[PDB]
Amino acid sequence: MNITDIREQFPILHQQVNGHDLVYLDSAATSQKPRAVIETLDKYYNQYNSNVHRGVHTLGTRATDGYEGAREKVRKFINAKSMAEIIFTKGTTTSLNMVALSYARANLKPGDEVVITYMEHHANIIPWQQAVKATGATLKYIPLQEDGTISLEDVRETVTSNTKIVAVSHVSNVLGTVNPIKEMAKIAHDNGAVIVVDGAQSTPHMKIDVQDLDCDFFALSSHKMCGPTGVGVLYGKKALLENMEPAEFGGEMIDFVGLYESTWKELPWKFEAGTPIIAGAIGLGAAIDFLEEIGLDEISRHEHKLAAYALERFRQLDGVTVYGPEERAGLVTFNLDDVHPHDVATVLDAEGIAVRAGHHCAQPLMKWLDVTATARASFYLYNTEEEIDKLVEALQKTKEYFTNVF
């Protein structure tokens, strides 16, 4: 894996911001795209754009083969058994809402529990809030240990035989924690629950195998993994999706329409209402071809190196707190003592450096961390140690600059 060859594929990296070379360290908010992906979209619109599933004219057939072909690429990529288990959606958020709407709201009664964790992104919180409220069921949180990881002991404690759903994140977008999803699926099942896995932060960065994880549902977002905006996937076990009603209704997802009553398509089309995200899914396919060609394990090793290097160089700074465990995915959330993270982010941008400041859509987590906001640098396959040097050099500068003011 050659990082110079990789960065050469991402036009957006080669520019300056505020007179400094761009240092993009915000891949957890969204990733940048290689030429292979952008040229996939261009070729689609330049050459074979048409609506799909009719199969009567040439361009229509090509578009359909592209779109269905990308479904197959997603299937192999996360090791699902069947294309019937791969549903294209607008994103992780919509995917998780569909499970909340079609599965939760139809399978929860007073006394039933939904179990989540304190570290969850909103997308994996609010749908469950709404679903328990709609059904008079109960929402519970698995506690976190002090380093921001989860103990299986706490899982057995929180999951009861009244738990219908466990919903947890694969990798935290804030702490960097890789959760024990597989062991959690076992505890879920032992108690008669399904597990729903929020895979938005894991999928771009490490090999996903839904056969090995035995998750019941798994959600991911194209934009975080070198792919177009506006597209995601819901994976669900075929037996569960067969029993769920659609979340949206319309053309494409029907079989017979009468005046008052309709019947549905087979999976996966049951869950894809209206003209689908044709170019986006095809570009998501291109993104998957690109990542597989580098290798998810390679990308993962690369991130292990950047994260270990970042954690070391952060510990060389006084007045800097880092949140979460030592063993982590490729990001670091932190604060400078006595500098608001908004200001850290502003000052970093003046130096070319893109990070995120705020709640990272994890308000409960911030409360648990006893902070109101943090700053975050997040990495991907195009980042380098040199860029981590610039970040830590800029944080040192920031500390001194704000010393000068007071």
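All residue numbers refer to positions in the sequence shown, first residue = 1.
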When mean C-alpha B-factors in the record are compared for 345-353 and 49-57, the larger belongs to 49-57
When mean C-alpha B-factors in the record are compared for 76-84 and 105-113, the larger belongs to 105-113
From the entry's CA B-factor values, the highest among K164, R71, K270, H170 is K164
Scanning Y235, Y118, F249, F290 for peak Cα temperature factor in the entry gives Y118
For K43, the third of its chain by CA B-factor is the lowest
For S300, the third of its chain by CA B-factor is the middle
Of the three thirds of the chain ranked by Cα temperature factor, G324 occupies the middle
Split the chain's modelled residues into thirds by Cα B-factor; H359 lands in the highest
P127: C-alpha B-factor third of its chain, per the entry, is the middle
